[PDB]
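Participant: I am sharing run37.txt, which consists of compact mmCIF, C-alpha atoms and all ligand atoms:
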# COMPACT_ATOMS: atom_id res chain seq x y z
CA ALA R 1 100.37 56.30 -91.86
CA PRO R 2 99.58 56.46 -95.58
CA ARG R 3 102.78 56.10 -97.60
CA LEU R 4 103.90 56.62 -101.20
CA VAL R 5 104.54 53.38 -103.07
CA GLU R 6 107.91 52.54 -104.67
CA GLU R 7 107.75 53.56 -108.33
CA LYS R 8 108.55 49.99 -109.31
CA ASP R 9 105.39 48.93 -107.43
CA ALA R 10 103.13 51.69 -108.77
CA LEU R 11 100.16 51.03 -111.10
CA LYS R 12 101.20 50.88 -114.75
CA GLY R 13 98.38 53.10 -116.01
CA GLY R 14 98.09 53.49 -119.77
CA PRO R 15 99.49 55.33 -122.76
CA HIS R 16 96.38 57.28 -123.86
CA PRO R 17 94.51 60.14 -122.09
CA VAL R 18 91.50 59.19 -120.04
CA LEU R 19 89.75 62.34 -121.28
CA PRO R 20 91.24 63.03 -124.72
CA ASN R 21 88.60 65.60 -125.72
CA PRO R 22 87.53 67.74 -122.72
CA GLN R 23 84.38 69.84 -123.12
CA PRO R 24 84.35 73.60 -122.52
CA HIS R 25 84.32 74.59 -118.84
CA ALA R 26 80.74 74.26 -117.52
CA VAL R 27 80.86 77.72 -115.92
CA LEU R 28 83.58 79.66 -117.72
CA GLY R 29 82.89 78.25 -121.20
CA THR R 30 86.60 77.98 -121.98
CA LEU R 31 89.30 75.44 -122.85
CA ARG R 32 93.01 75.66 -121.95
CA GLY R 33 95.53 77.46 -124.15
CA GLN R 34 94.45 81.10 -124.40
CA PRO R 35 97.37 83.29 -125.50
CA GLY R 36 98.66 85.49 -122.71
CA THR R 37 97.62 83.19 -119.87
CA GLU R 38 99.75 81.41 -117.23
CA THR R 39 99.11 78.08 -115.48
CA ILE R 40 99.58 76.94 -111.89
CA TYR R 41 98.73 73.48 -110.51
CA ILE R 42 97.23 73.40 -107.03
CA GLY R 43 96.68 70.56 -104.60
CA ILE R 44 94.72 71.37 -101.45
CA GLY R 45 92.68 68.23 -100.91
CA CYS R 46 89.33 67.19 -102.44
CA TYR R 47 89.61 68.70 -105.90
CA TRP R 48 85.83 69.23 -106.39
CA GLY R 49 85.73 71.99 -103.78
CA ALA R 50 89.13 73.25 -104.80
CA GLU R 51 88.13 73.59 -108.46
CA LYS R 52 85.05 75.64 -107.56
CA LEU R 53 87.17 77.93 -105.37
CA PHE R 54 89.43 78.74 -108.26
CA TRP R 55 86.97 79.01 -111.17
CA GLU R 56 85.12 81.57 -109.04
CA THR R 57 88.28 83.63 -108.58
CA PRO R 58 88.51 86.85 -110.62
CA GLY R 59 91.23 86.52 -113.27
CA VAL R 60 91.07 82.71 -113.53
CA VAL R 61 89.99 81.94 -117.09
CA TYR R 62 89.94 78.10 -117.16
CA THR R 63 90.22 75.25 -114.67
CA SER R 64 90.25 71.44 -114.73
CA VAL R 65 90.80 68.65 -112.23
CA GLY R 66 93.09 65.71 -112.44
CA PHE R 67 96.26 64.12 -111.18
CA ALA R 68 99.92 65.06 -110.88
CA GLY R 69 102.94 64.59 -108.64
CA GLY R 70 103.01 60.81 -108.87
CA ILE R 71 104.28 58.36 -111.49
CA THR R 72 101.39 56.38 -113.08
CA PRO R 73 100.68 57.65 -116.62
CA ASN R 74 97.03 58.53 -117.41
CA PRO R 75 95.47 57.06 -114.26
CA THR R 76 91.71 56.64 -113.89
CA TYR R 77 90.13 58.17 -110.81
CA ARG R 78 89.54 54.71 -109.39
CA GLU R 79 93.24 53.94 -109.82
CA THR R 80 94.33 57.15 -108.10
CA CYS R 81 92.01 56.45 -105.13
CA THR R 82 93.96 53.22 -104.41
CA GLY R 83 96.97 55.33 -103.40
CA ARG R 84 99.13 53.27 -105.80
CA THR R 85 99.83 56.01 -108.35
CA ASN R 86 101.50 58.48 -105.93
CA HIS R 87 99.57 61.32 -107.59
CA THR R 88 97.79 64.04 -105.65
CA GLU R 89 94.44 65.57 -106.57
CA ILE R 90 95.22 68.70 -108.55
CA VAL R 91 93.40 71.71 -109.91
CA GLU R 92 94.82 73.08 -113.14
CA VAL R 93 94.38 76.86 -112.79
CA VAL R 94 94.77 78.91 -115.95
CA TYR R 95 94.81 82.64 -115.25
CA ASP R 96 95.20 86.09 -116.77
CA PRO R 97 98.28 87.55 -115.06
CA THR R 98 97.07 91.08 -115.73
CA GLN R 99 94.04 90.34 -113.53
CA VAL R 100 95.36 87.99 -110.83
CA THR R 101 98.99 87.17 -110.02
CA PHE R 102 100.91 83.96 -109.36
CA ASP R 103 101.58 85.29 -105.85
CA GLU R 104 97.86 85.91 -105.20
CA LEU R 105 96.89 82.41 -106.30
CA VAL R 106 99.52 80.82 -104.04
CA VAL R 107 98.20 82.87 -101.11
CA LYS R 108 94.63 81.89 -101.95
CA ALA R 109 95.58 78.21 -101.95
CA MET R 110 97.48 78.54 -98.65
CA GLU R 111 94.53 80.26 -96.95
CA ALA R 112 92.07 77.67 -98.28
CA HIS R 113 93.46 74.57 -96.55
CA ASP R 114 95.73 73.33 -93.77
CA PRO R 115 99.13 72.92 -95.40
CA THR R 116 100.66 71.07 -92.41
CA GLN R 117 98.79 67.76 -92.44
CA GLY R 118 100.98 65.59 -94.67
CA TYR R 119 99.10 62.73 -96.38
CA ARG R 120 95.67 63.99 -95.35
CA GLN R 121 93.39 67.00 -95.58
CA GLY R 122 90.78 67.13 -92.83
CA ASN R 123 88.90 63.83 -92.83
CA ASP R 124 90.33 62.89 -96.24
CA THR R 125 93.22 60.49 -95.55
CA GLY R 126 95.60 59.43 -98.33
CA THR R 127 98.64 60.58 -100.26
CA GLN R 128 96.28 61.79 -103.01
CA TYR R 129 95.09 64.57 -100.68
CA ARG R 130 98.52 66.05 -99.88
CA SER R 131 99.28 69.77 -100.28
CA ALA R 132 101.10 70.75 -103.49
CA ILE R 133 102.04 73.52 -105.89
CA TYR R 134 103.44 72.47 -109.28
CA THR R 135 104.66 75.21 -111.60
CA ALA R 136 104.74 75.56 -115.39
CA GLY R 137 105.98 77.74 -118.23
CA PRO R 138 109.36 79.19 -119.21
CA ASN R 139 110.02 80.45 -115.68
CA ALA R 140 108.74 77.32 -113.88
CA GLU R 141 111.75 76.90 -111.57
CA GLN R 142 111.77 80.61 -110.70
CA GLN R 143 108.03 80.41 -109.99
CA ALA R 144 108.65 77.34 -107.78
CA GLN R 145 111.23 79.33 -105.83
CA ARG R 146 108.74 82.15 -105.57
CA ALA R 147 106.05 79.81 -104.18
CA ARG R 148 108.53 78.48 -101.63
CA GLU R 149 109.17 82.05 -100.43
CA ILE R 150 105.48 82.73 -100.03
CA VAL R 151 104.87 79.40 -98.41
CA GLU R 152 107.83 79.82 -96.07
CA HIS R 153 106.45 83.19 -94.94
CA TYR R 154 103.50 81.28 -93.40
CA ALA R 155 105.76 78.88 -91.45
CA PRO R 156 106.07 80.96 -88.26
CA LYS R 157 102.33 81.62 -88.16
CA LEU R 158 101.49 77.92 -88.50
CA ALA R 159 104.18 77.00 -85.95
CA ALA R 160 102.59 79.49 -83.54
CA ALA R 161 99.22 77.82 -84.14
CA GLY R 162 100.71 74.58 -82.79
CA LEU R 163 100.66 72.89 -86.19
CA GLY R 164 104.36 72.09 -86.73
CA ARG R 165 105.96 72.09 -90.23
CA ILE R 166 104.47 72.97 -93.62
CA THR R 167 104.17 69.79 -95.71
CA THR R 168 103.30 71.40 -99.11
CA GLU R 169 105.28 69.84 -101.99
CA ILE R 170 106.56 72.54 -104.40
CA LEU R 171 108.35 71.91 -107.73
CA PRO R 172 107.98 72.36 -111.49
CA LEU R 173 105.34 69.99 -112.96
CA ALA R 174 108.00 68.80 -115.40
CA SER R 175 110.17 67.77 -112.44
CA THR R 176 107.56 65.47 -110.87
CA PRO R 177 108.15 61.76 -111.53
CA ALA R 178 105.59 61.48 -114.35
CA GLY R 179 106.45 65.01 -115.43
CA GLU R 180 102.86 65.72 -116.59
CA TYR R 181 99.37 66.53 -115.45
CA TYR R 182 96.56 64.09 -116.31
CA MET R 183 92.94 65.17 -116.54
CA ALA R 184 90.34 63.24 -114.57
CA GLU R 185 87.23 61.78 -116.26
CA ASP R 186 84.64 64.21 -117.68
CA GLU R 187 82.27 63.59 -114.75
CA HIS R 188 84.77 65.19 -112.34
CA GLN R 189 85.17 68.40 -114.36
CA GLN R 190 83.13 71.09 -112.60
CA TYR R 191 81.46 68.29 -110.65
CA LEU R 192 79.87 70.58 -108.08
CA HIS R 193 78.32 72.75 -110.78
CA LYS R 194 76.97 69.80 -112.80
CA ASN R 195 75.64 68.05 -109.71
CA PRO R 196 74.33 70.56 -107.16
CA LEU R 197 73.30 67.60 -104.96
CA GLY R 198 76.98 66.63 -104.71
CA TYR R 199 79.48 67.79 -102.09
CA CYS R 200 83.01 66.92 -100.92
CA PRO R 201 82.83 63.87 -98.64
CA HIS R 202 82.72 64.29 -94.85
CA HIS R 203 80.82 67.58 -95.17
CA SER R 204 77.25 66.37 -94.67
CA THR R 205 75.19 68.34 -92.15
CA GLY R 206 72.75 67.55 -89.35
CA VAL R 207 69.98 69.83 -90.73
CA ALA R 208 67.70 70.01 -93.78
CA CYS R 209 68.56 67.05 -96.01
CA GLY R 210 72.17 66.83 -94.88
CA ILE R 211 73.55 68.51 -98.00
CA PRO R 212 75.76 71.51 -97.16
CA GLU R 213 74.76 74.92 -98.59
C1 LIG R 301 87.20 64.45 -105.38
AS1 LIG R 301 87.25 63.25 -103.83
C2 LIG R 301 85.52 62.34 -103.65
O1 LIG R 301 88.51 62.07 -104.05
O2 LIG R 301 87.57 64.18 -102.39
Kindly transcribe the structure held in the file into C-alpha cells.

Facilitator:
Amino acid sequence: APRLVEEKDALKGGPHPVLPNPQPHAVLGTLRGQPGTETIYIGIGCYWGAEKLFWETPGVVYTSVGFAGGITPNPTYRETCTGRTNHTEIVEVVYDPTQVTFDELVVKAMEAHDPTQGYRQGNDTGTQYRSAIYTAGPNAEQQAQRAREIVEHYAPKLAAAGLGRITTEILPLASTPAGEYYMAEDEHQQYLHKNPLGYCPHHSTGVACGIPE
C-alpha cells in the first residue's frame, strides 16, 4: 500500500551534507576510512536498533545511520519520513574482514528481521523500512551477487514458513538511483546509546515504565 514516488516527483533535497563533520562513534570511538576495512550497507527496518546490532558485532569497527536506495540528495530525516525520497533506512557497517566476513554480516542481517514484508518491517509501515543490502568497493557487483546467493538460500525456508517471496533489494550502492549513501543528523548516530530512555517505536511494554530492556 505504500509506494515509491516517481523520481520526477521526489523531494529535491540539497547539494550539501546534512552532517558534514560526523563525530567519532559514541561506542567504538572511530570514524570511517580505516585502511584494510570493507563496507556493507544494511537495511532491516528502524535503523536505531539495527545500528546497535551491528556496532556490537565482533569485527565491526565503525557504523553510522542514514539513507540510501532512493533518489533525493542529502535528505533530512524529516524529509525521508515523508516517503517522498524513496530512500530506505540504512546502517553503514564498516568491518575488518579478517575478523568478520561479508557472508557473516549478510546472514546476521537476514536473521535479524523479516525479509519478506515489502514496504514495512513489523509495525513500521513505509518504503523507508524496506529490506536492503547495498554493496561497495572494487568488487561491489561480485559482492552483490554473493549476497543474492546467500539471500536466495533462505527462500525455501521462508516459503515453508508461509511467508511468500523475499523482498530484499540487493545491488551496488553506486547503482542505486542517487548512487550514494547520506548520513542522518548527528542525533540519530548511536541514538540508543546516547539516549538510553529511547527505543524503536512500537516496542513499548506493559510493565515497569513501558521502556523495553
Ligand atoms: C529510526 As525510526 C523512529 O524512523 O524507526

Participant: Select from range 55-133 of chain R every residue with an atom at most 6 Å from any atom of range 14-34 of chain R, then for each give the shortest pair of atoms and their distance in Å to one decimal, using all atoms listed in the file, rows by chain and rising number, as JSON lines.

Facilitator:
{"residue": "R:62", "atom": "CA", "partner": "R:30", "partner_atom": "CA", "distance": 5.9}
{"residue": "R:73", "atom": "CA", "partner": "R:14", "partner_atom": "CA", "distance": 5.8}
{"residue": "R:74", "atom": "CA", "partner": "R:17", "partner_atom": "CA", "distance": 5.6}

Participant: Can you work out the spacing between CA of residue 177 in chain R and CA of residue 148 in chain R in Å, to one decimal?

Facilitator: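 Calculated distance between CA of residue 177 in chain R and CA of residue 148 in chain R is 19.4 Å.
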
Participant: Enumerate as a JSON list (two decimals) with C-alpha atoms, in the coordinates of the input the residues within 7 Å of ligand LIG 301 (chain R), counting all atoms listed in the file.

Facilitator:
[["chain", "number", "residue", "atom", "x", "y", "z"],
["R", 45, "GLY", "CA", 92.68, 68.23, -100.91],
["R", 46, "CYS", "CA", 89.33, 67.19, -102.44],
["R", 47, "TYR", "CA", 89.61, 68.70, -105.90],
["R", 48, "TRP", "CA", 85.83, 69.23, -106.39],
["R", 81, "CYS", "CA", 92.01, 56.45, -105.13],
["R", 124, "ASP", "CA", 90.33, 62.89, -96.24],
["R", 200, "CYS", "CA", 83.01, 66.92, -100.92],
["R", 201, "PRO", "CA", 82.83, 63.87, -98.64]]

Participant: Can you tell me, as a list in words, what residues are no more than 9 Å from range 191-193 of chain R when counting all atoms listed in the file, ignoring any on the same chain fewer than 3 positions away?

Facilitator: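 My reading of the contact set: residues 26, 27, 48, 49, 51, 52, 186, 187, 188, 196, 197, 198, 199 and 200 of chain R.
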
Participant: I'd like the interatomic distance between CA of residue 147 in chain R and CA of residue 180 in chain R, to a tenth of an Å.

Facilitator: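 For CA of residue 147 in chain R relative to CA of residue 180 in chain R, the distance reads 19.0 Å.
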
Participant: Please determine, counting all atoms listed in the file, which residue among R:13, R:69, R:138, R:210 has the shortest atom-to-atom distance to residue 168 in chain R.

Facilitator: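 Looking at the shortest contact to residue 168 in chain R, the residue is R:69.
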
Participant: Which residue out of R:40, R:155, R:10, R:5 has the minimum interatomic distance to residue 136 in chain R when all atoms listed in the file are used?

Facilitator: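 The answer is R:40, which sits nearest to residue 136 in chain R.
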
Participant: List the neighbours of residue 99 in chain R out to 8 Å using all atoms listed in the file; skip same-chain residues closer than 3 positions along the sequence, and give me the result as a ChimeraX atom specification.

Facilitator: /R:58-59,95-96
